[PDB]
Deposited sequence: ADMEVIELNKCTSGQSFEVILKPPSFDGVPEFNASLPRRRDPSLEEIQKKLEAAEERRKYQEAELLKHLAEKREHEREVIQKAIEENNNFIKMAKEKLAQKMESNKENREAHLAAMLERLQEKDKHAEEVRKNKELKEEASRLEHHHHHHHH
């Protein structure tokens, strides 16, 4: 009830078999998949660099908007300050012009009063 086959007897040891109850790969496709992964990584890098470039362009846009606001503020300050300065000059000199015109008119009236005294002196 234990049949064994005696095998491979030698000085190092023995061996035997006891029995109790009887009874293509392609390198180019490996390189294709490794290159495909590398190409997929490269696509991801580009999308990031693109996304980063859009962010750099937004930073440029923001800085440009700051520049535009500061320059318009200057230009609107310059032109409003000039405008009211010229108006103030027109007004101040118009008042003094009218004042001197009214003042010279009195002077003429005085000369007429004198002329009438002269005419009456011929009596």
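Where C-alpha coordinates are absent, the deposited sequence of this PDB chain has the segments 1, 25-40, 141-152.
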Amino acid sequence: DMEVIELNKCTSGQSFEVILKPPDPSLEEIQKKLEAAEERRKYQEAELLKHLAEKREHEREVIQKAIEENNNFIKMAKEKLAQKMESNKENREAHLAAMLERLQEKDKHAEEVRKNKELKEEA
From here on, numbers count along this sequence of modelled residues.
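The stretch 25-33 shows the higher mean C-alpha B-factor when 25-33 is compared against 89-97 in the entry. For the pair 8-16 and 107-115, the record assigns the higher mean C-alpha temperature factor to 8-16.
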